[PDB]
Every structure is written in C-alpha cells, then in structure tokens.
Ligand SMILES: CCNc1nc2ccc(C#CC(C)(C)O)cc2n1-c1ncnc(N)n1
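Have a look below at one chain only, the form solved without the ligand, in structure tokens format.
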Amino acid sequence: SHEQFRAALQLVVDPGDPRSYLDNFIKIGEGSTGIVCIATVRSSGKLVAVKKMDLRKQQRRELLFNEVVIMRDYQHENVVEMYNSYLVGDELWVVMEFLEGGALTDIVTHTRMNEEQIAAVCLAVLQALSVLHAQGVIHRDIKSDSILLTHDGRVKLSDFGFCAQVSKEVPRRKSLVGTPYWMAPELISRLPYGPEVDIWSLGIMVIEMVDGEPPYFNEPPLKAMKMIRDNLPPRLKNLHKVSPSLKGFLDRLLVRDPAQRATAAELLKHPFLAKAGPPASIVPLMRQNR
C-alpha cells in the first residue's frame, strides 16, 4: 500500500520539516519524476533548489530510495550536491545546490555550440562519471536535461533519481531504467548491464550538442527504442560539419558492444578533450547572455 511505502521511506530520509527553514518556493521546471523549485533559506536569504516527487505518480516507486541513500554526503566539483531529503505528506523533497545557469537543454535547443564548448561539457561529465563509476554508481539518465550550469559556466551533473549502485557481489543491474532516446542498446536488450550504459547515453548527448536533438526524436518512444535496439549506431545529421577529432571521440562512445565501448577513465585521455575551453567559454551560451 501507499502508506506502507510512505512509512518505509520515512525511515531513510532526514527527520523534520524543510518548510520551517525554507520559504518563497518558485517552480522553475518539471521532469519525469516531479518538479524543481527555487527556495530561499529563511535565515540567510540564500537560494537553494528543491525537487519534489509525488509518491503516487512514479512509474517505479521503489526507485525513490536510490538517490536519497546513494548520493548522501557525496561531494564532487562536477556533481550537484544533495544536502537533505524529507518526506512531506505524499511527496519526497530533496534539497540541493542551486545551479543558477540552468540546464544544457536550453542551450542545445536555441544555440549552436562549438567544439571547444562541447569538449568542455564532455570533460566535466567524464570527470564526474569516472569517480562515480569507480564507486559503482550508475547514473542511468545522462542527457542534456541532467547537465546544469553555474553563472560562470561551470558544468555539474544532476538528476540522479534513476541512479543505481552495483557491487562486487551484484556487479550488474537489469531494470529497464532511463529516457527512451538516450538508452543503451544492451540495457534495452536486457543484458545484465553496468556503468557502460552511461557512456552510450553521453554519446547521444553529444548528438544533441551537434544536431540539436537525439536520434529518432520524432518517433514514438517505444518505436525509437526498437530502432535503437535493432539498428547500427546512429549517425550525426551534421556529420559533414564536425572535426575528425569529434567523430573519432564519438566512435568510442557509440559502440554497440559494451565490452568494446570506451570507459570514462579511458576517454579522459582522448585528444578531443584537448579542445576543452575553460568555464568562461561556456558563459556566452546561456540565455541571459546571448
């Protein structure tokens, strides 16, 4: 039952009420699992982010345990910090670092990123994934919507609600978890999968940054997932515009066989990332500056 689930979740979250120390909630976004708000810390005026997920409106309710446990006390410069989690009525609230620059999705849909900028984003995400994967954490929802920015162009990975933990005893997952257009073929094909699925999804995000949208985006999700499952790796619509370096980099991400797909640690040494600009190079892309 719902109440049986609520009781269990209460045991894992932090005690108390964030409505006692936060106010002035402003909804600024919505995702598959819930909404994201800006809130003000009453004592200081500091802005934080709060995501709110309705326990009754999840495709898979049990996934709500994952982020609140796995990412508790996690600190990395390219990962959005989670501060606390709470059960507030029928909603899970997660209080997090506020990334005032917004998400990469606005950028890929309204601008044309150059390769210095694309390399900067990939380097930041790969730095994050290399450390996460080494600890057995799989993100499972890598896409532009999950990449957030600071006002000065620093890049941080967020949206860990679909994440998973693997171990020496249980090295792979089986759940069909992710966002259709970005899902790895072996995940779609129910091969016990590992961290490698994030590397495929990153490749699809590179397609977003080059083309503006992922492959098969005009198709229904189920149809698209079948095409991802059955067809050869997807091609860039704008292939003729990209450097040999970017194409070679992308060829190591969008490898159909997980065992031959590059790992995050390997990709950090790839020549394409030599093109990466500093945070300043990203700043002109954000809505408030263009």
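Heads up: residue numbers just count along the shown sequence, starting at 1. In this text, rigid core is short for the largest set of C-alphas that superpose within 1.5 Å between two forms.
A.B. asks: Of 177-185 and 140-148, which one has the bigger average CA B-factor?
C.D. replies: Comparing 140-148 with 177-185, the higher average CA B-factor belongs to 177-185.
A.B. asks: Of 269-277 and 6-14, which one has the bigger average CA B-factor?
C.D. replies: Between 269-277 and 6-14, it is 269-277 that shows the higher mean C-alpha B-factor.
A.B. asks: Out of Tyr193, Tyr86, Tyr83, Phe162, which one has a C-alpha B factor higher than all the others in the entry?
C.D. replies: Checking the PDB record, the top C-alpha B-factor among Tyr193, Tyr86, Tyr83, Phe162 is at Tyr193.
A.B. asks: Kindly indicate the residue among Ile28, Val255, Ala39, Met53 with the greatest C-alpha B-factor in the PDB record.
C.D. replies: Highest C-alpha B-factor among the listed residues goes to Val255.
A.B. asks: Among the modelled residues of this chain, does the Cα B factor of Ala262 put it in the lowest, middle or highest third?
C.D. replies: For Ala262, whose C-alpha B-factor we compare with every modelled residue in the chain, the answer is the highest third.
A.B. asks: Taking the values exactly as deposited, rank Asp198 by C-alpha B-factor within its chain and report the matching third: lowest, middle or highest.
C.D. replies: Middle third by C-alpha B-factor.
A.B. asks: Split the chain's modelled residues into thirds by Cα B-factor; is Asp90 in the lowest, middle or highest one?
C.D. replies: It falls in the middle third of the chain.
A.B. asks: Consider only the C-alpha atoms of the modelled residues in this chain, order them by B-factor as the entry records it, and name the third containing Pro220: lowest, middle or highest.
C.D. replies: According to the entry, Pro220 has a C-alpha B-factor in the chain's highest third.
A.B. asks: Is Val131 in the lowest, middle or highest third of its chain when residues are ranked by C-alpha B-factor?
C.D. replies: Tercile = middle for this residue's CA B-factor.
Another form exists, solved in complex with the ligand; not displayed. Remarks below refer to it.
A.B. asks: Is it true that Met209, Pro244 and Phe272 each have at least one non-hydrogen atom within 4.5 Å of the ligand in the bound PDB entry?
C.D. replies: Negative, none of the three is within 4.5 Å.
A.B. asks: Looking at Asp159, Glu186, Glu196, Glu115 here, can you tell me which has any non-hydrogen atom within 4.5 angstroms of the ligand in the bound PDB entry?
C.D. replies: The residue in contact is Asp159.
A.B. asks: To verify the annotation, which of these, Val137, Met96, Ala128, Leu202, has a non-hydrogen atom within 4.5 Å of the ligand in the bound PDB entry?
C.D. replies: That would be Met96.
A.B. asks: So which stretch, 213-221, 120-128, 168-176, 74-82, is the one near the ligand in the bound PDB entry (non-hydrogen atoms, 4.5 Å)?
C.D. replies: Going through the listed ranges, the match is 74-82.
A.B. asks: State yes or no: in the bound PDB entry, is some non-hydrogen atom of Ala259 no more than 4.5 angstroms from a non-hydrogen atom of the ligand?
C.D. replies: Because no heavy atom of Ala259 falls inside 4.5 Å of the ligand in the bound PDB entry, the answer is no.
A.B. asks: Using 4.5 Å between non-hydrogen atoms, is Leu239 touching the ligand in the bound PDB entry?
C.D. replies: Judged by the heavy-atom cut-off of 4.5 Å, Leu239 is well away from the ligand in the bound PDB entry.
A.B. asks: Flag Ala103 as yes or no: does it have a non-hydrogen atom within 4.5 angstroms of any non-hydrogen atom of the ligand in the bound PDB entry?
C.D. replies: Taking the distances in the bound PDB entry, the answer for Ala103 is yes, it comes within 4.5 Å of the ligand.
A.B. asks: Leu232 versus the ligand, in the bound PDB entry: is there a non-hydrogen atom within 4.5 Å?
C.D. replies: No.
A.B. asks: For the stretch 42-79, return the residues whose heavy atoms include at least one within 4.5 Å of the ligand in the bound PDB entry, in the order they occur.
C.D. replies: Contacting residues: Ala49, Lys51, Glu67.
A.B. asks: So, superposing on the core, is the move of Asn24 at the CA at least 2 angstroms between this form and the one not shown?
C.D. replies: Shift of 2 Å or more: no.
A.B. asks: Taking the rigid core as the frame, does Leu268 move its C-alpha by 2 Å or more between this form and the one not shown?
C.D. replies: Comparing the forms between this form and the one not shown, which are aligned on their rigid core, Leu268 does not shift its C-alpha by 2 Å or more.
A.B. asks: Would you say whether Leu11 is displaced between this form and the one not shown, judging by a C-alpha shift of 2 Å or more on the superposed rigid core?
C.D. replies: It does, since the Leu11 C-alpha is displaced 2 Å or more between this form and the one not shown after the core fit.
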